[PDB]
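Visitor: this one's structure only:
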Ligand SMILES: C[C@@H](c1cccc2c(-c3ccc(CS(C)(=O)=O)c(F)c3)c(C(=O)O)[nH]c12)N1C[C@@H](CNC(=N)N)OC1=O
Ligand SMILES: [Zn+2]
Ligand SMILES: [Zn+2]
């Protein structure tokens with residue numbers, strides 16, 4: 001019943017966690033440069049179908065994700081959105097595409113994934129190229145807050161449940177640094193978080209890209225750790 005943690009999930013297994021009615025997170029673990037990390041995604045019920053947000057960080061993890069969804073939920077995943085171009089978001093897109101899932105990302109994410117050799121979602125999401133832009137996508141709103149963890153990062157809001165999925169632009173409360181900043185804009189990140197805070201003041205649950213969900217405090221904590229990292 002507790003939120004599944006990095007040392008509790010072997011690499012290759014996936015667990016789901018019920019966030020709200022018709023909203024789950026998915027949690028998996030992966031090795032990278034000789035360390036093991038957890039990572040989150042989202043699942044949102046879309047009538048008798050499911051919308052997936054982000055892969056489970058790798059092909060085998062993402063196959064295991066689809067199997068876990070079939071076991072725990074039993075509705076088909078028909079569409080997926082990747083919230084930026086890194087492997088914890090797009091690694092597994094080829095698995096999804098071979099399982100009948102239509103895969104989407106912004107044009108900026110698709111360009112970055114292609115240039116860096118990561119898997120590439122099929123469909124481009126227009127209407128998200130300027131910070132503050134928002135578009136509807138099934139049961140969610142997609143929001144581009146500006147550059148933060150990456151220049152292309154998107155956040156996702158579930159209006160029926162007031163769930164804010166921050167992706168990797170948002171860190172968990174226990175975080176001590178800004179995570180993997182390889183592609184980050186540390187100077188712009190606080191401004192982008194402020195845009196999230198201003199656009200989603202009624203969020204009740206905030207889910208980071210890695211680690212434990214909480215409330216709105218994750219946003220301020222993120223700004224604090226990024227400012228101090230910088
Ligand atoms: C795939 C992804 C990646 C790989 C490994 C780790 C991360 C973490 C991380 C680390 C640490 C923490 C804990 S904490 C907050 O600092 O206390 C965390 F919570 C998230 C994050 C994140 O922060 O989102 N992402 C990671 N990758 C590749 C990559 C390309 N690297 C290049 N050199 N090109 O960039 C990147 O992010
Ligand atoms: Zn990333
Ligand atoms: Zn990440």
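Guide: Ah, there it is. Residues are numbered from 1 along each chain as shown. Ligands and ions are numbered 1, 2, ... in the order given.
Visitor: leaving out sequence neighbours, find the closest residue to the residue nearest the centre of the chain.
Guide: With distances taken as C-alpha atoms, centre = their mean, the chain has residue 167 as the residue nearest its mean C-alpha position (3.7 Å). Computed as C-beta to C-beta, 6 or more residues apart in numbering, the closest residue to residue 167 that is not its neighbour in sequence is residue 83, at 4.0 Å. From N, CA and C alone the C-beta is placed, and that goes for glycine too.
Visitor: need the contact list for that neighbour.
Guide: Taking C-beta atoms under 8 Å, 6 or more residues apart in numbering, we find residue 83 in contact with 53-54, 89, 105, 109, 153-156, 165, 167-168, 209.
Visitor: so where do the strands sit in this structure?
Guide: Here the chain has its strands, by DSSP state E, at 14-20, 23-32, 35-46, 49-53, 77-81, 102-105, 123-124, 134-137, 140-143, 155-158, 163-167, 205-208.
Visitor: which bits of this structure sit near ligand 1?
Guide: Where proximity means C-beta under 6 Å from any ligand atom, the interface of the chain facing ligand 1 comprises 32, 37, 86-88, 149, 168, 171, 175-177, 179-180, 182-183, 209-211.
Visitor: please list which of the residues you listed are also close to ligand 3.
Guide: Filtering the residues of the chain next to ligand 1 for proximity to ligand 3 (criterion: C-beta under 5 Å from the ion) leaves 88, 168, 209.
Visitor: picking that back up, is the residue nearest to the centre of the chain in contact with residue 206, as I believe?
Guide: No - with contact defined as C-beta atoms under 8 Å, residue 167 does not reach residue 206; the gap is 10.9 Å.
Visitor: related to what we said a few turns ago, gap between the residue nearest to residue 167 and residue 176?
Guide: Residue 83 sits at a distance of 23 Å from residue 176 (criterion: C-beta to C-beta, to the nearest Å).
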